[PDB]
Amino acid sequence: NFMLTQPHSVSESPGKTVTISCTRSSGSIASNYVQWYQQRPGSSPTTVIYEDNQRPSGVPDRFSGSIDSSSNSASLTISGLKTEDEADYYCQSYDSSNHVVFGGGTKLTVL
Numbered sequence: 001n002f003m004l005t006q007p008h009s010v011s012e013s014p015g016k017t018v019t020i021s022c023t024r025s026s027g028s029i030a031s032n033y034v035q036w037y038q039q040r041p042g043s044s045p046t047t048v049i050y051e052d053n054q055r056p057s058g059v060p061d062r063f064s065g066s067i068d069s070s071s072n073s074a075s076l077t078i079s080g081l082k083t084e085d086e087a088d089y090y091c092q093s094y095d096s097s098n099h100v101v102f103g104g105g106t107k108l109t110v111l
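With the entry's author numbering applied, the sequence shown covers 1 to 111.
This is the structure in structure tokens:
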């Protein structure tokens, strides 16, 4: 069984840039696909990026999916932060051998 270590909780001022990092206890990221999810009370989970590339037209591209050839962890940049980005973050990963996992539970608060 693998794990997903990511920032516990953090808050940023509206208008700043936020970057989320998701690491697998396996050290495999630039090797496997990563996904970003958002969830908050009064709503339902909405995949904002898939294949750590896929950018839906619906959700603002304000999210950035990227990886390092290091293979240490996966790193996104989110530009244009606002009360809109306010919410919790969750990320899922999967290799070639299926086995889908979910984690990266972080509480983002926009001051």
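Backbone N, C-alpha and C define an ideal beta-carbon position, used for all residues, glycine too.
Contacting residues, own chain, Cβ-Cβ under 6 angstroms from residue i (five flanking each side not counted)
i     : result
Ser73 : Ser21, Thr23, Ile29
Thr17 : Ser79
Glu86 : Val110
Cβ neighbours of residue i in the same chain (closer than 8 angstroms, five flanking residues each side left out)
i     : result
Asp88 : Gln38, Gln39, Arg40, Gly105, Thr106, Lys107, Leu108
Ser11 : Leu108, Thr109, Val110, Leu111
Cross-strand partners of residue i (DSSP beta bridge)
i      : result
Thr106 : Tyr89
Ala30  : Note: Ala30 sits in no beta bridge, so no partner.
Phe63  : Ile78
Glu12  : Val110
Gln38  : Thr46, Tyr89
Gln54  : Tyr50
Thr19  : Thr77
Straight-line gap, residue i to residue j (C-alpha atoms, nearest Å)
i      : j     : result
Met3   : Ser93 : 10 angstroms
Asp95  : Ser31 : 8 angstroms
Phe102 : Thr83 : 25 angstroms
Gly65  : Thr46 : 16 angstroms
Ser25  : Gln6  : 11 angstroms
Chain-order list of residues whose beta-carbon lies under 7 angstroms from that of residue i (same chain, five-residue window excluded)
i      : result
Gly27  : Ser71, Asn72
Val100 : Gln92, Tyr94
CB-CB length for residue i against residue j, believed under 8 angstroms
i     : j     : result
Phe63 : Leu81 : Wrong, their Cβ atoms sit about 11 angstroms apart, outside the cutoff.
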